J.: 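Following this message is one structure expressed as C-alpha cells.
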Amino acid sequence: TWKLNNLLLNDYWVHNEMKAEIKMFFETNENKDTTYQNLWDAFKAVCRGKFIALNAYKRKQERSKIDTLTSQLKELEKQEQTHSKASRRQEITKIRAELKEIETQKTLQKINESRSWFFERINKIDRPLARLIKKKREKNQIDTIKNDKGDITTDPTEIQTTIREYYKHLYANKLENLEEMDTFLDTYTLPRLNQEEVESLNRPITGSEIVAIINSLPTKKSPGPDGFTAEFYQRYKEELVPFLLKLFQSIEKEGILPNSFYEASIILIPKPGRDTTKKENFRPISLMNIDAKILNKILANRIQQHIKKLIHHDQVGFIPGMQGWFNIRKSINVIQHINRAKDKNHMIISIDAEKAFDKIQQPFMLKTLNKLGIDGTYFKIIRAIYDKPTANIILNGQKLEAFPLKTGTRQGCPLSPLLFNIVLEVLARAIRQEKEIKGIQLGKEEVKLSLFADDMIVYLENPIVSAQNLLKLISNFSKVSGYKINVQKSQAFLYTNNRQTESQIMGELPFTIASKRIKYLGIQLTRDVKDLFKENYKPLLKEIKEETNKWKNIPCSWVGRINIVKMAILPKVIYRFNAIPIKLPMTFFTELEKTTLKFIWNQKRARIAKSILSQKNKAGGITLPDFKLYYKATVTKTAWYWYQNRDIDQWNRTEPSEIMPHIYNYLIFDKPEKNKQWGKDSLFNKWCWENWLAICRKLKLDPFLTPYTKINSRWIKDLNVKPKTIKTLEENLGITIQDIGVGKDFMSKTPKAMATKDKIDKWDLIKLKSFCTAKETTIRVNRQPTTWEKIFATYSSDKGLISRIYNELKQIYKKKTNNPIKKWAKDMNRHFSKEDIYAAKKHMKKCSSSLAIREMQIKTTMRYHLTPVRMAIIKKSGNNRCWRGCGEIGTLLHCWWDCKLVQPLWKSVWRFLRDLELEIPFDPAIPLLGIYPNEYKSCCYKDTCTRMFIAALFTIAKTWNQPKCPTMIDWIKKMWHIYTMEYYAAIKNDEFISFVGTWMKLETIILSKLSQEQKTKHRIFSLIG
DNA sequence: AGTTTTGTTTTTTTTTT
DNA sequence: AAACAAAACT
RNA sequence: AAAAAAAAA
DNA sequence: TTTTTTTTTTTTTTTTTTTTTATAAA
DNA sequence: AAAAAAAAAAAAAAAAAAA
DNA sequence: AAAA
Ligand SMILES: Cc1cn([C@H]2CC[C@@H](COP(=O)(O)OP(=O)(O)OP(=O)(O)O)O2)c(=O)[nH]c1=O
Ligand SMILES: [Mg+2]
Ligand SMILES: [Zn+2]
C-alpha cells in the first residue's frame, strides 16, 4: 500500500509538475456527467499515479552516472577475459577509482547531513533529548494469543482469524427498540437550542473556514488508508481549496459522502499494565483520510460554540476553559464534610464506562440530537457520516478484510468526544432530576455528580436507598443507550456509625469498598483528608529520587541535565501543586532541591552558583527552575477566581462555613474584616489568603481600597444603600468605583453618567456622594495600578496565570549575586563599564544557535575551569605552579592567555586576522569575553571572528593540563567541523545568503594555507564553491 | 536616533480521558 | 523557548 | 500510533 | 470590646567551613 | 578560591489578659 | 549521539 513520502514534496521539479496536473485534471474533467463525490475520488487516484511516476524517474536519474560507469568498465573487462591488454587495464583502473570515489562521497554526505540535524537540537528540549531518557519504542507485533479454547496459540493464521472475529463481533449488534428510546427521552427534561443558535449550525461552509482548518492540522502524523498526508493539503491549499469548497457545498445539498470518507485503518495498541496475550486488552485506534477529518473538524468546531448551553458544569472533560483540578478540590471538600459530620451515613462512588466510545448506540445518539432541537443540514450530514462506516485491521503489517461499524463512534475522530458527552449528559440530567437519589448538602450547595469524560464520581446520602435507585436508573439507560459500567475499575468509600450497618450495606451492593484510598484523575483521594500529604507528596519525592538515580550516567552535560529536569520533572510537580494546594513543610523543598542539583552536577560540587543561574539575564539564558516560587504562584492563583465570582465555580463554594459563608466574594480589593475566626478548618482557601497578603505587604501595597474596588463591595454596603441602587449602577455604568468617578469627577465623567445621576433613590445618592468625595477615597482610588494588581483585576482568561505570577515573583524576590565578569576585570588591570558588562552578556546569548558552541563560551566567561592556584588552596599545598611546566604561577589568565605554550596558537589566530585584513588589538578580553574596544563596535566582521575564537577555546581546553603546545592543525580541524554543521543546516533553513557572507572570506584563507596532502588526509574541500 | 522591553506567534514536551 | 514587531525612554 | 481539552517552557 | 504584650515561626544576612584531582567527547 | 549551609536576629501575627 |  502506497504512502506519500514527505521528502518528495521538497523538490522544485516535483512540485512544478504536480501543480501542473492538479490544474489540468479539473479543467479537463469537470462536466455534467459526474457528481463531485465521484469526481473527487477519481482525482485522488490520478494524483497518486503521478507521484509514483515522478518518484521512479527521480530515483533512476540520480544513479545515471553509476549506470554509465558500471557498463563502460564492465565492457573493457569483458574484453579482458579473451585477451589481456595493458592500456585497457590502465583505463579500467582509472574508472574503477572514480566509482569508489562517488561511493564514498554519497556515504559521507549522508553522515554529515545527519550530524548537522543533531547539532542544532543537542541539549535542547526536543525529540533527541526526550528519546535519550525514554526506552526504545516497542513494536506492534502479535505473536501469541490466548485462544477461545483456553489454549495459547502462536500459529499466525489462527491469530489473524481470532482477532478479526472478535473485533467484527464487538461492532456488529445494533439495537432496534426505537419505541423505548422515545419513551426514555420523554421521561426527563432536556435543554434546547433556540432559533438563532440553530441557524448558526446550519449556515453554509465557506472558503475562509476551510483554509483556517488546513493551517492548524498537526504535522508529522500518519496518513489515512488513501496515503495522503496533512503536508500535501498545506502545500497545495491554493489550488485545492476552490475544489474542496465545491465538494462540501455538494455534500450539504445532497447529504451524500464519497466512498473513501467511510474508510479507516484500525491499529491495535496495548493498554498499559494489562496482559498483551489477552485480545481483550487492546485499544483500537482508527486512521482516517485527511479530507474526512477536515469535514469532521468543521462540524465539531460549530457544535463546540454552543456546548456550554448543552452541558452542565459538573462535566469538565473535553470542555474548553474548564480544569480537571475543579473536580479534585470539590471532591476533597465533600470528604472533609463527611469527616466532620456527627452522624455518618454517606457513600462516595467512582464509576467508569467499559469501552465507552465503542458501545454507543447510533440510533439513540441521532434521536438525542433531535431532542435537543438539532435538525436541518447539520443533522443531515451527521446522519450521513454514521450511515455506513467500515474498518480494515492492519495486523503484523498485513491488511485484513473489512467489516461494518454498526455501533460506536470512531476513537480517532475529532467529532467523537463531543457526541459522546452529549449522550452522557442525558444520564447526568436524569440523575440530578431524580430526588429519591439523595445528594449531600453543603450549606446551601447540593452536590450529586462530577464528570470527566466517561469518568464519573457520585456523592450520596442514605446509601441503602440512594444506591439501589441509582443502579435502577443506569439499568434503564443501558437498555436504550447501550452504556455499560465497568465492574473491575469501580470503587467506593462507605461511611456508617456501626459495623453491623456496614456489613448489611456491603451485602446489598456490587461495589468494592476501599479502606485507605482511591486513585482518581492522577491523584490519590484518601478516606480521611489528614492522610492527604502522606499519600500524594511523600510518594512523589521517592519517585523523583529513583528516577534521577537511574539517569545518573546519561551522556549529556549540565546544560542538558537542566533541560531534562524542566522537561520531565517540572510538569508532574506542577500538576500535584494545582490539584492539592495544601500547606507543605519546607523540608519538602529542601529534599527536592538537593536531589535535583545532585543530578545536574553529577554528584560533584557545583561549578557555577545556583544564585547566578536563577536569572535569565545571567549565564546566557540557561536558568535553573525555582520550585518554591512555582509553589507560591499556584497557591495565590486562586485569588483570580475569588475576584471573578463566577456562577460555574461551585468548587470554591463548598468549603466548611459556620462563619460568614460568602466571605471569599468580599476579600480581594475590598475592605478588611474584624472577625478573625473564619477559615478555621479551611484546607485550601485560608492558606491562599495568607500568601496573597504577605506578597502585597512585600510590595508595599495598600490592598484594601484600589482603582479596582467593585461597586458591589463591603465599602458601599456599609453605607446603607438599597440593592436597586447598587445594581442600577452595574447595569448602567460599569463594575468598579473608578467607573463611577471619585472626588471632582463623582458622576460627572460622562453625559450618560450625569443622565443617570438623577435616577437614584433620593437618600442613597447623598450617602454615596459623601463617600466618593472624601479625601482618603480620592487619593487611594486615583493611584496608578501596579503589574501585580493588573494580573488579578484585568484579565478575562485564566489561561497562563501560573506563568505570569511566577515571572512577577522572580522580580519581587530577586537576590544579589557575585559577578564573575568583575573578577576577570580584576585579573586584568582594567575597569569594565556597565556597557561592557552588557556586551559580555549579549555575546554569551548570541554567539551561536547551537547549545554546544554556546556552552563553551559560557564556561569561559563564568570561570568554570580548574586552575593550579585553586587546587593548591583546596589541597592545602604550596604547589601552585602551571601543570604544563613553564614554571610560572597557574592563574586562570595564565592558562588561557599567557602560558608560552599557548602563545604560539594565539599568534597564529592573529596572523589569520591580518590575512582577513582586519585589525584588532592583541587583548585577552576580545577572544575570551567578547568585549571589543569602542572603535570596533560598528564593524560587521564580528560573526566571523566569533567562529575563529571559539574554535581556539575548544583546542586549548581539550589539552588543558598536558605539557605540549596546542597546534594550528587541530584548530583548523575544529573550525572546519563547525563550518560543515552550519552549511547543511543553512541550506535546510535557506539561510544560505547569510552563511556565505560569514564563511566565504575565511574559507579561502584556510584552503590557501594547507597542502594537497593535508587536505586529502582531513577531507577539507569547499562546500560553497 | 538607538536600544530596550513587551506582546504575539511558532515550536517543543507533559497531564488527564 | 525564540524571534520579530511596536512603542516608549534614555 | 490516532483524537480532545489543559499546563509549562 | 479594644489595646497591649508575649511567644512562635519564617526569612534574610553574615560568617564559617569544605571542596577534588583536566578537559572535551560521548 | 568559591559555594553552601548554618546560625542568629528581627519582624509580624496570633492569642491571651487587663484596662 | 540522543529522529524520523
Ligand atoms: C486513554 C485514551 C482515551 N481516549 C478516549 C476514548 C475512550 C475514552 C475513555 O478512555 P478509557 O481509558 O476509559 O478507555 P475505554 O474505551 O473506556 O476502555 P475501558 O473499558 O474503560 O478500559 O477516552 C482516547 O481517545 N485515547 C486514549 O489514549
Ligand atoms: Mg472507560
Ligand atoms: Zn604555563
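Scope of the values below: all heavy atoms of this structure, side chains included, with no hydrogens, waters or symmetry mates. A note on names: the letters A, B, ... follow the listed sequences, proteins ahead of strands, and every chain is numbered from 1.
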J.: State which of G:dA4, E:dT21, C:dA1 makes the closest approach to the side chain of A:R137.
T.: G:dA4

J.: Does A:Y795 have A:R804 sitting over its ring (NZ/CZ under 6.0 Å from centre, angle to axis within 45°)?
T.: yes

J.: Without decimals, in angstroms, what is the distance between A:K110 NZ and G:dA4 P?
T.: 16 Å

J.: Using the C1' atom on both, measure C:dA3 against D:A9 and round to a whole Å.
T.: 15 Å

J.: Any base atoms under 4.0 Å from A:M288, or only sugar-phosphate, or nothing? Heavy atoms, all strands.
T.: nothing

J.: Should the sugar of B:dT17 be assigned to the north (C3'-endo side) or south (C2'-endo side) class according to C1'-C2'-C3'-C4'?
T.: north

J.: So, does the side chain of A:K875 form a donor-acceptor pair with the base of E:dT21 at under 3.5 Å?
T.: yes

J.: With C1'-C2'-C3'-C4' as the criterion (positive north, negative south), name the sugar pucker of B:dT13.
T.: south

J.: Given A:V559, which partner from the list A:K124, A:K859, A:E855 fulfils the side-chain contact (heavy atoms from CB on, under 4.5 Å) test?
T.: A:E855

J.: Distance check needed: D:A8 P versus A:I569 CD1, whole Å only.
T.: 19 Å

J.: Between A:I873 and A:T959, which residue's closest nucleotide on DNA chain E lies nearer the 5′ terminus?
T.: A:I873

J.: Checking A:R863 against A:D827 for the salt bridge (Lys or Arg N to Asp or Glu O under 4.0 Å) test, could you report, in this order, the C-alpha distance in whole Å, the side-chain angles of both residues, the deciding distance, and whether it holds?
T.: CA-CA 12 Å; A:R863 305 172 70 91; A:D827 283 352; 2.8 Å; yes

J.: Ring centres of C:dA1 and C:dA2 closer than 5.5 Å, with planes less than 30° apart?
T.: yes

J.: Specify the residue among A:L7 and A:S116 whose closest nucleotide of DNA chain G lies further upstream toward the 5′ end.
T.: A:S116

